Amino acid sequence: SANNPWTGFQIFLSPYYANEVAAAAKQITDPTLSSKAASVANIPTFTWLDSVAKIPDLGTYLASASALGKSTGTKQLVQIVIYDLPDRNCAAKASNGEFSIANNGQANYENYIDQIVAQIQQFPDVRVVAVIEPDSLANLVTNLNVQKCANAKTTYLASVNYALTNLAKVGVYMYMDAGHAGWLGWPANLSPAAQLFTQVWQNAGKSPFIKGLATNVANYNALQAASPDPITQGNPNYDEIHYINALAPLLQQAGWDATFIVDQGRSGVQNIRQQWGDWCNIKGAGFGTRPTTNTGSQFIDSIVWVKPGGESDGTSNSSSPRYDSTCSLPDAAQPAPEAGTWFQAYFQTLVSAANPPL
């Protein structure tokens, strides 16, 4: 597209990830590996607004970015994930989300969006790019047989609609989460996915700020694989570029010339999973291609790092109330701490196995 949200902007680096990374690197004993680890703080990542408690942080990041831009003559861009749906993660064994459909979920989520909008509105000289609700709409394509997902469908659609409609009013550039090649990229899932995303785009008024879709968020697929990972057998769309090439024209036909962003933050090492669906703390992952608008595809605005490598996907402790057994599988690094919290050994390996090397 003509308007790539990133061109001409300086990405605001996360101070939290810089702070997680800074504390992490000083624990790495090899001096050369430690220096590589510290440099990860210079690589832009997305900030996850996974609870209302994160919203004051958003306000500080916008204000800090505004001042940094003035001090350097740059226009700054803040990268966020909207991630607080009621009954979040409907197909997962466990979820950390603070809101439930049964307890005024829709109103509480709307208030979460309103608080985010109220922050963004105060800093018009800062651009915002948002990934909208990982692990939400994709479940409404393939997982309607999961009863929690069937029961969440109307709330997910209404809440995502509220987010899109209201973030558009403050000019936020938005990419809806769209799973990955091994989820929605199966040829038979492409058209049901396109139909759902198009309906969502229509309900939110077809705003030009709804740029398209985000793929591979918190996952490990290649953007362009040298050879198909054996986990992909049966699916001709074995990497993200195949998925995107196949999905994009379906959206274009609907009048939505959509573009895409692709997470590569944990994609440096391929061929590390037993089954494609294994998503939790996959052992041996390495940092992948650094964020760039040099994407290799007409459809892709940017390679991005959405999931911050080093933060756990979930605990391996089967006694935790938030325990998801996916996190105890043979290909999951164990022992692992609670989701979102720092996983030092995993981070160290992400650095060691980075590809391209750091």
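Start at 1 with the first residue shown and count on from there.
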Segment of higher mean CA temperature factor, 333-341 or 14-22: 333-341
Average Cα temperature factor in the PDB entry - higher stretch of 349-357, 3-11: 349-357
Residue with highest C-alpha B-factor in the PDB entry, from 178, 132, 225, 196: 225
Which of 205, 73, 212, 185 ranks first by CA B-factor in the deposited coordinates: 73
Residue 240 - which third its CA temperature factor falls in, relative to the rest of the chain: lowest
Third assignment of residue 234 from its chain's C-alpha B-factors: middle
B-factor third for the C-alpha atom of residue 268 within its chain: middle
For residue 108, the third of its chain into which the C-alpha B factor falls: middle
Relative C-alpha B-factor of residue 66, binned into the chain's lowest, middle or highest third: middle
